[PDB]
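If you use PDB author numbering, the sequence shown corresponds to residues 1 to 489, in order.
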Amino acid sequence: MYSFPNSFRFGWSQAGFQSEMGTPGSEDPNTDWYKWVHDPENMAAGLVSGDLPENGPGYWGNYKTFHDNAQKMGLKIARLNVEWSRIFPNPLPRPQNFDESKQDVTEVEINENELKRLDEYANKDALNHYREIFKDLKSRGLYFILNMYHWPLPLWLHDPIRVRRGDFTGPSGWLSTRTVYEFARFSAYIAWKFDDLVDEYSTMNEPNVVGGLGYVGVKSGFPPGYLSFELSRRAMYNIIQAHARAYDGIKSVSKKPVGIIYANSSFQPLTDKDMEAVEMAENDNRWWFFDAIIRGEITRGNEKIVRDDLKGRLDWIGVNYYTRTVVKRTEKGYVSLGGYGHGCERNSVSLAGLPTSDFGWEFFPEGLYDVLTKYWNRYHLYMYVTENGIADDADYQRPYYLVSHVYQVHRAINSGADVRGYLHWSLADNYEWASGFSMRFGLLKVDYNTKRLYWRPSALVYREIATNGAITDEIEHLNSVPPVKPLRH
Ligand SMILES: OC[C@@H]1[C@@H](O)[C@H](O)[C@@H](O)c2[nH]c(CCc3ccccc3)c[n+]21
Numbered sequence: 001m002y003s004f005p006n007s008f009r010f011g012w013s014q015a016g017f018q019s020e021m022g023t024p025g026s027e028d029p030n031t032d033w034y035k036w037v038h039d040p041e042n043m044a045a046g047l048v049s050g051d052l053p054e055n056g057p058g059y060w061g062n063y064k065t066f067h068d069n070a071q072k073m074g075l076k077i078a079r080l081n082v083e084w085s086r087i088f089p090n091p092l093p094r095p096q097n098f099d100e101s102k103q104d105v106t107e108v109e110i111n112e113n114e115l116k117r118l119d120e121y122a123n124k125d126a127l128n129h130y131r132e133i134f135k136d137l138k139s140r141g142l143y144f145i146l147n148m149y150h151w152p153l154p155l156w157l158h159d160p161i162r163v164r165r166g167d168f169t170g171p172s173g174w175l176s177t178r179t180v181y182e183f184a185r186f187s188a189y190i191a192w193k194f195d196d197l198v199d200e201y202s203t204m205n206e207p208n209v210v211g212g213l214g215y216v217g218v219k220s221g222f223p224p225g226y227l228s229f230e231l232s233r234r235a236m237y238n239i240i241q242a243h244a245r246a247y248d249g250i251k252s253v254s255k256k257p258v259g260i261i262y263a264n265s266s267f268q269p270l271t272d273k274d275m276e277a278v279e280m281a282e283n284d285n286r287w288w289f290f291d292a293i294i295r296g297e298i299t300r301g302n303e304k305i306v307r308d309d310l311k312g313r314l315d316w317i318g319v320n321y322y323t324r325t326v327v328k329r330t331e332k333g334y335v336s337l338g339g340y341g342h343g344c345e346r347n348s349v350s351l352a353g354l355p356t357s358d359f360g361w362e363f364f365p366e367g368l369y370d371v372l373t374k375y376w377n378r379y380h381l382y383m384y385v386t387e388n389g390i391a392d393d394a395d396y397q398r399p400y401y402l403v404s405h406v407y408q409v410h411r412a413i414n415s416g417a418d419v420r421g422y423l424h425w426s427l428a429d430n431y432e433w434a435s436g437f438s439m440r441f442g443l444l445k446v447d448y449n450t451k452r453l454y455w456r457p458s459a460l461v462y463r464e465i466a467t468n469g470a471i472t473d474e475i476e477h478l479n480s481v482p483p484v485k486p487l488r489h
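This is the structure in structure tokens:
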């Protein structure tokens, strides 16, 4: 047996754009992502699958079913987001003498008057529906982490096709301080409407992926798919201050904890001569970001400064984790290696002989202990495992994947790290971004024709974990690697 603290909670994470649509009435055409995945050119290019989010799992209408199953599964925590675009579908008038050429946004003044003004622009059907959703959630005994942002932006703030095309005269998303400014106000507004229902807050989900795949990893088909190192840095600088400003915005209406959710891989050396490479990879992918929002330490221009408006803007750390990245030393620096972590063949075996998922991601639960303990030793901020899961429609590997990673969380707590929950990605299948519906991450299978949910055997296994607050003696063998011999190589 691996017993968890009585206060530790097991649950799930879910995104608005991925899970809400599918039931008639739920359609939100008002995002960069919606437009992006409907784009004729993007479809023909193969950048997007052709699958459309409006044929999704229908959480908007069927949320009670979702919550019933979650409660049966013994789940006690849930993290999801409101979709900005649902609340503010229509352009807001430009800020009164806010200087959109200024690079830094060191404060955004928000008060009851400014909030009442926004209130007259807000879609009230959308707010009432969310209140209905979150009320049912809460009535099922679920502790509630509300995230403000999980990728899609209002179209009035970002036309992604225009930017893809090389036109920067329009709404430019994270490239514009206007977005930073409106984001601080959206966060404060949501906290102001929903604080009575909410337990903890997250500003954003994996801002690093938004800026990294949006402007560098362009084959991933993420908006706006404009290839530029410079602009990726600009997007990331803006998202950092958008975090800090959202933090201050929420904290002016709430005393409740405000954190952030971030994409992590466990960096691992190719050989024992590659450990500096591991540290450099951690600096470049993790510490630079967190040292900014925690310690105020950012490199702007070519200079290391401390920004007082950035410092101390975080109460907790959302740890998202799926797999490792193997890195080696280069004379010029370091490189990640294909054939490991997220760069493997689908339904096969890594270069290390470890099985890969429907998405080609390598089985590596060790990495979660590494990421949890490294954060803790550096910052001493408590954490939730806000995402962990596997693309696996057949359910072959998920039982082992689930128990193995839950074990690494127990391991981490055993070492002293303050981890207060594990939230599986996800409860049910959903729209996997540019990949469409074929990547299936749920403990529950979705039949998309009928919107019916089924319990994969892994769901039954998770129910054992959750109702017992433990990896029980009877499922403890699943803390191991799925046998590869019966699997595809
Ligand atoms: O891919 C499964 C889930 C998505 O459905 C979520 O919306 C998103 O939060 C999400 N992020 C990741 C990890 C992505 C990653 C990329 C590069 C490096 C490390 C992690 C996996 N997932």
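C-beta atoms are modelled at their ideal positions from N, C-alpha and C, and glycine is treated no differently.
Member of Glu297, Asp199, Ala246, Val319 whose CA lies at the smallest distance from the CA of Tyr382: For the purposes of this step, residue 382 is identified with residue 382 of the sequence shown, where counting begins at 1. Nearest option by C-alpha distance: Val319.
Could you tell me which of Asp393, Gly25, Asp32, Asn90 sits nearest to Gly61, measuring between CA atoms? Here the question's residue 61 lines up with position 61 in the sequence shown. Per the C-alpha coordinates, the member of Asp393, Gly25, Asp32, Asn90 positioned closest to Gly61 is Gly25.
Below 7 Å CB to CB, which residues in the same chain sit around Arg295 once its five sequence neighbours on both sides are set aside? Residue 295 sits at position 295 when you count from the first residue of the sequence shown. Closer than 7 Å at the Cβ level, and outside the excluded window around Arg295, lie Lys311.
Are the beta-carbon atoms belonging to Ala188 and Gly249 less than 8 Å from one another? The count along the sequence shown starts at 1 and reaches residue 188 at position 188. The count along the sequence shown starts at 1 and reaches residue 249 at position 249. Yes, the pair counts as a contact, with Cβ atoms nearer than the cut-off.
Please report the distance separating the alpha-carbon of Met1 from that of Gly416. Along the sequence shown, read from residue 1 onward, the residue named residue 1 stands at position 1. Along the sequence shown, read from residue 1 onward, the residue named residue 416 stands at position 416. Each residue's Cα considered, the two are about 19 Å apart.
As a quick exercise: from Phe168, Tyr340, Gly212, pick the residue whose alpha carbon is nearest that of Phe359. Looking up residue 359 in the sequence shown gives position 359. Nearest C-alpha to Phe359: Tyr340.
Just to confirm the assignment, what range does the beta strand (DSSP E) spanning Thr386 have? By 1-based counting over the sequence shown, the position of residue 386 is 386. Here the beta strand (DSSP E) through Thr386 covers 383-387.
How about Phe290 and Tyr379: do their beta carbons lie closer than 8 Å? Taking the sequence shown and counting its residues from 1, the one referred to as residue 290 is at position 290. Taking the sequence shown and counting its residues from 1, the one referred to as residue 379 is at position 379. Closer than 8 Å, so yes.
What is the rounded straight-line gap between the Cα of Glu200 and the Cα of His489? Against the sequence shown, residue 200 aligns to sequence position 200. Against the sequence shown, residue 489 aligns to sequence position 489. Whole-angstrom Cα-Cα distance: 43 Å.
Between which two residues does the alpha helix (DSSP H) carrying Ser232 extend? Your numbering for residue 232 matches position 232 in the sequence shown. Where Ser232 is concerned, the enclosing alpha helix (DSSP H) stretches over 229-251.
Say the cut is 7 Å; is the CB of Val349 nearer than that to a heavy atom of ligand 1? Along the sequence shown, read from residue 1 onward, the residue named residue 349 stands at position 349. Flag unset: Cβ of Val349 not near ligand 1.
Residues in the same chain with beta-carbon distance under 6 Å from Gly436, minus the five sequence neighbours each way, listed in chain order, please. As a working mapping, residue 436 is identified with position 436 in the sequence shown. So the list reads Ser49, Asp51, once near-sequence residues are dropped.
Skipping 5 residues on each side, what residues in its chain have a beta carbon closer than 8 Å to that of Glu476? The residue given as residue 476 occupies position 476 in the sequence shown. Sequence-distant partners of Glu476 (beyond 5 residues in either direction) whose C-beta falls short of 8 Å from its own C-beta, in its chain, are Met1, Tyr2, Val403.
Measure how close the beta-carbons of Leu444 and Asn69 come, nearest whole angstrom, since I'm counting them as under 8 Å. Position 444 of the sequence shown holds residue 444. Position 69 of the sequence shown holds residue 69. Going by Cβ atoms, the distance from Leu444 to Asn69 rounds to 6 Å, so yes, they are a contact pair.
Does at least one heavy atom of ligand 1 sit under 7 Å from the Cβ of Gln268? Locating residue 268 in the sequence shown gives position 268, counting from the first residue. No, the Cβ of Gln268 stays beyond 7 Å of every heavy atom of ligand 1.
Less than 7 Å between the CB of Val209 and some heavy atom of ligand 1, yes or no? Position 209 of the sequence shown, counted from the start, is the residue given in the question as residue 209. The answer is yes for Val209.
Is the Cβ-Cβ distance between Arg9 and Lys72 less than 8 Å? In the sequence shown, the residue the question calls residue 9 occupies position 9. In the sequence shown, the residue the question calls residue 72 occupies position 72. No, these two residues do not count as a Cβ contact at 8 Å.
Scan the region 16-80 and note each continuous alpha helix (DSSP H) run of 4 residues or more that stays entirely inside, going in chain order. 16-19, 32-38, 40-45, 59-72
With C-beta atoms as the reference, is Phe17 less than 8 Å away from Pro152? Here residue 17 is taken as the residue at index 17 of the sequence shown, counted from 1. Here residue 152 is taken as the residue at index 152 of the sequence shown, counted from 1. Cβ atoms of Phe17 and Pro152: closer than 8 Å.
Excluding the 5 residues preceding and the 5 following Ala246 in the sequence, name in chain order all residues of the same chain whose CB lies nearer than 7 Å to its CB. By 1-based counting over the sequence shown, the position of residue 246 is 246. Cβ neighbours of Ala246 beyond the five flanking positions: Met148, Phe183, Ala184, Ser187, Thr203.
Quick one: grab the DSSP three-state call for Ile390. The count along the sequence shown starts at 1 and reaches residue 390 at position 390. Coil, per DSSP.
Nearest-angstrom Cα separation, counted from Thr386 out to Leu368: Taking the sequence shown and counting its residues from 1, one reaches residue 368 at position 368. Taking the sequence shown and counting its residues from 1, one reaches residue 386 at position 386. Between the alpha carbons of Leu368 and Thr386 lies a distance of about 12 Å.
If you draw a straight line from the C-alpha of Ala277 to the C-alpha of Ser480, how long is it? Locating residue 277 in the sequence shown gives position 277, where the first residue counts as 1. Locating residue 480 in the sequence shown gives position 480, where the first residue counts as 1. Each residue's Cα considered, the two are about 28 Å apart.
Limits of the beta strand (DSSP E) - the one that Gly11 falls within: On the sequence shown, position 11 is the one that residue 11 refers to. It spans 9-13 - the beta strand (DSSP E) in which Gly11 sits, taken as one unbroken run.
Alpha-carbon spacing of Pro40 relative to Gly46, whole angstroms: On the sequence shown, position 40 is the one that residue 40 refers to. On the sequence shown, position 46 is the one that residue 46 refers to. Going from the Cα of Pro40 to the Cα of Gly46 covers about 10 Å.
So is the beta-carbon of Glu387 under 7 Å away from any non-hydrogen atom of ligand 3? Absent from the structure shown: ligand 3. Ligands present: ligand 1.
Say yes only if the C-beta of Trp425 is nearer than 7 Å to one or more non-hydrogen atoms of ligand 1, and no if none qualify. Taking the sequence shown and counting its residues from 1, one reaches residue 425 at position 425. Correct: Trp425 has its Cβ closer than 7 Å to ligand 1.
Contact test: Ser265 Cβ vs ligand 1 heavy atom, cutoff 7 Å: What you label residue 265 is simply residue 265 of the sequence shown in a count that begins at 1. Yes, since a heavy atom of ligand 1 falls inside the 7 Å radius drawn around the Cβ of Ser265.
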